[PDB]
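What follows is a single chain, given as structure tokens, in the form deposited in one PDB entry.
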């Protein structure tokens, strides 16, 4: 059935098939094997048909989502690359091509929508979705519009719908639960409501599809569009002075686009599995291989770290203190605490220094922790910032201090107290005294400075779960106060810590007053060693349940990713949108998702159905 002795490749017409062919000639010269590149019609639908009969191409290129439907039947082969190669790619790209611990494909490129804006019409793009209506009113006066994108398809509309808590299918442990769908939740409804209101207020049109949006932006008629790298060439051709940036926020939370991982899967019926893995590992997944493909058709962002760093260069309220659990894709094994002080340093300077300590930590991981170089970088941090730095690196399992610097001096906790706060919250949940979905209502007066999520939920309210997430990940100050009120205030948090053996850490004040940090003021302070030990008691033992531990870990993970610690260690517009987005579920049940959600959006857009009933009907359709 399948030719013995040569490689046949199936890649889509929109992708750089001619660029992959040049890599095919680079392999042909070195080995002496005829590399064929074919682009047939409906290749993602033809592959289930051909591979089932013991036939088909050796290597298939497609987004990872359909690849789950091949691993179920048995059409894809297991992938065995060494860590010497698995390190060269991003840790999340592999988790997109995993089915039951197995590896079914090599990740090549990452696809995610981004905000594209005309620099001539709009030099400074909006940071939030909420400011777009008033910006559209500004631009209509000049015969232009603010934003035009494909409203017909769920994929283009999802980033906004999912932003405030929407999801396709729940991912827990590793398996996607086909019964837990989040297209019906309050977050999804708020998201769709905003879109519908944009349509109702005539900032957008219900008829706008892919070609109407693309032509309107490329002709300079609209200031913004929403698209992926597959559209970049048409804009280059159009000669519009354009930038690509992070999608706007909605209710203080990032837009949540679907993440496609263009992947190269090896056919299970193929007799050339080893011959294909050589071409993919040693030829394609190199700087030179990706170069040829990216030249033919821009891939956007790539799976190979060395080449993404090069592409990221293309021109087209922070943390004084930090707390992090590292080695996280598997159970975290280390706690890091760092505090910076003084009124001299800018946040960019603070962030730069924290990143350098982070970069130093990852460099010497698995070496046993506490490498002399990292202590040098910490001392260098105190130096450059012109004020005391506190630091501790702790092994989560042993409780052993791997490194310390000013471990027993007091430092203002500031935003780091919020993890301890939500630790107390989850403790009341475990006991039956609290529910993560209990909604809390509040007024304008409750709002303090630096409250990006809470200030957009005045009419809606917020669940305890949303408050903890906003407090930790978005550092929402009002959120922390509202959570403090639930447990009884700063004295109760202090009482909670003393009851679990931490007699150092103290919270005395509310937000924003707890942030002021008067020199040597002992209010709202901790020690690096106190904080790390307390964090350890919360993340090990029986102080929280497994479910609560995992949730505390998951809040901290998003905080660590959004923060400075990992910036210089593992650093694009496509990539940054993908990092805050949703990995597209690799199940055939996704077909039911696409059908129902498309119907829901066109019905809510037209006024055929209300937003509530349109998404209820969609939810019913999925879980049927």
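For the two forms, the rigid core is made up of the largest set of C-alpha atoms that agree within 1.5 Å on superposition. Residue numbers count along the first chain shown, from 1.
The form deposited in another entry exists for this protein as well; it is not shown, and the discussion that follows is about that form.
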item: Displaced residue check between the shown form and the other one: residue 99, CA, 2 Å or over, core reference; value: yes
item: Core superposition between the shown form and the other one, C-alpha change of residue 562 at least 2 Å; value: no
item: Is_shifted residue 357 between the shown form and the other one (CA, 2 Å cut-off, rigid core); value: no
